[PDB]
Amino acid sequence: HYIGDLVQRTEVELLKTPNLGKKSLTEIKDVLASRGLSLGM
Amino acid sequence: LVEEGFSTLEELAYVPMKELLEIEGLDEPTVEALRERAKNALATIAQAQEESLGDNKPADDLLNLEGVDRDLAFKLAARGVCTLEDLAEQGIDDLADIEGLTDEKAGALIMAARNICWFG
């Protein structure tokens, strides 16, 4: 629900989620990077 | 070719070279080229049908993901998911309408496909 929940998940965990493609993972990284955040903090 | 009695691509691909060389205006280079084209046409036709349904191309590529039966591979290929890469690129939502595929089973197959394509 929150950005703080998303930032704790690893890239390998997000790829296990249902309806989660490589394209949507790249979108999430690019958007988090635009805000100075990274996956796995 | 039809007046000389050839009706199929198989006849042109496999008939003895002597019978094709008896046709007026065929030389050995043109007969070899005609046979190579006939064999390539036969190969292409087979591959196209095998990718459209689940005969061989999708029965090996799309069916690489552990769990894919031949019926499911043909259902995937009917949606344009012909290869193990095409399946690795899908979401669960893109496969949700396939009769006999639960969201959990779709998720497992996509993850198996990704493990082979992206982490093998």
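If you go through segment A:1-21 and keep only what is surrounded by 14 or more Cβ atoms within 10 Å (Cβ to Cβ) and in a helix (DSSP H, G or I), you end up with A:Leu6, A:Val7, A:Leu14. Could you please let me know if B:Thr44 is within 14 Å of chain A (Cβ to nearest Cβ) and either farther than 30 Å from A:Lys23 by Cβ or without any contact (Cβ under 8 Å) to a residue 12 or more places away in the chain (or both)? For B:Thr44, the condition - within 14 Å of chain A (Cβ to nearest Cβ) and either farther than 30 Å from A:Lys23 by Cβ or without any contact (Cβ under 8 Å) to a residue 12 or more places away in the chain (or both) - is not met. The residues on offer are B:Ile110, B:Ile92, B:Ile98, B:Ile45, and the sole one that is of a type in the set (A, V, I, L, M) and assigned by CATH to the domain that holds B:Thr8 is B:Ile45. Only one entry of B:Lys39, B:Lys57, B:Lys75 meets the criterion of being part of a loop (DSSP other than H, G, I, E, B) and of a type in the set (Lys, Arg), and that entry is B:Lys57. Comparison of B:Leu87, B:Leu63 shows that the only residue that is within 14 Å of another protein chain (Cβ to nearest Cβ) and of a type in the set (A, V, I, L, M, F, W, C) is B:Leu87.
Looking across segment B:31-81, the residues that are over 30 Å from B:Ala13 (Cβ atoms) and of a type in the set (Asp, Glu) come down to B:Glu66, B:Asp69, B:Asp71.
The condition of being aliphatic (A, V, I, L, M), within 14 Å of chain A (Cβ to nearest Cβ) and over 23 Å from A:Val12 (Cα atoms) holds for only one of B:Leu101, B:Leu72, B:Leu95, that being B:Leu101.
Positions of Cβ are backbone-derived with ideal geometry, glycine not excepted, and every protein chain shown enters the neighbour counts. Numbers and lists here come from the model and the stated rules, or from a named source; no laboratory read-out is quoted.
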